[PDB]
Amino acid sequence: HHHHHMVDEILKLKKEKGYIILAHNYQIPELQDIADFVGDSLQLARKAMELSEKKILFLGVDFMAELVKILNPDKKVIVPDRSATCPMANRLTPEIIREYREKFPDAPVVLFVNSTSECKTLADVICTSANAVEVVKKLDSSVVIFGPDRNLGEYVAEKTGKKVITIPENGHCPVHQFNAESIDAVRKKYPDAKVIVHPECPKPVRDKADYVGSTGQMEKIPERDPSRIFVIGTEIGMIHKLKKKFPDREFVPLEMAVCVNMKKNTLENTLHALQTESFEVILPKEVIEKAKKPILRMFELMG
């Protein structure tokens, strides 16, 4: 195998230098396969807090790596590509959050994990796709400010029955803009398939699905649903994860959908990261101290 040189040296250096490799579900298959743990933002956050190792190689995008750092301030966290980010976040600013806080004083500010760490410093609680509904339901308010993802916010409003004020204008994930016709086509081709789509998908897509869930929730659905075929409306990296967990089922992409940022991490730059022990994720202590409050509050609202 042509890659065995990179794969083998990654596994070698990881062990030799005391790293644990955490990968998000949207990383390329080759990186999922060398990771110690693969999961969604919530799971990688949880895992981060309980690992004994002092060095983490994080494979995902920056806001997530920073979440890991904020929860583990005394561990060294590195990433292979320091530009891997989520473009949705960067429309949401401090001045937007402040404006809406003033406008709606008694609305808690719920920020999605893909938000700048600076933004998290101004949140009342953080959430991921997996726990957004649970977090907002358990809050003591019928109104929340929510950002940056509009679709997710609207889905939360639907599930909880609360008023969700989304910020900024049109915050959305380009990856999850499937058109509902793809579901129409796939129902005809596989009449017994179950269609699972992400809550970041637009509402007409959500409404034609059998299930709506985050990647963490998608992965649990075949534990309770015996269907032979699932059609998956998220980023393409999740197909590899699902096929590995459930080799006796068939997983069909709703459409091909690739997150360019998530794909910035490669075997080659992952190897460079382990050789140089770069690039370190660094936040000001002030940011860490401030941002951890809404993150810990998330965990209090789950259990």
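Counting begins at 1, following the sequence as shown.
- The deposited model assigns a higher average Cα B-factor to 44-52 than to the other stretch when 44-52 and 24-32 are compared.
- Relative to one another, 172-180 and 73-81 have unequal mean CA B-factors, and 172-180 is the one with the higher figure.
- Per the PDB record, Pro191 has a higher Cα B-factor than any other of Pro226, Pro199, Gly147, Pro191.
- As recorded in the PDB entry, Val135 shows the highest C-alpha B-factor of the residues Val113, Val135, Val109, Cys86.
- Sort the chain's modelled residues by C-alpha temperature factor and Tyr211 lands in the middle third, per the entry.
- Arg249: CA B factor lies in the lowest third for its chain, per the PDB record.
- When the CA B factors of the chain's modelled residues are split into thirds, the value for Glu286 lands in the middle one.
- In this PDB entry, the Cα temperature factor of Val205 sits in the top third of its chain's modelled residues, the highest group.
- For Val156, the recorded CA B-factor ranks within the middle third of the chain. Only modelled residues enter the ranking.
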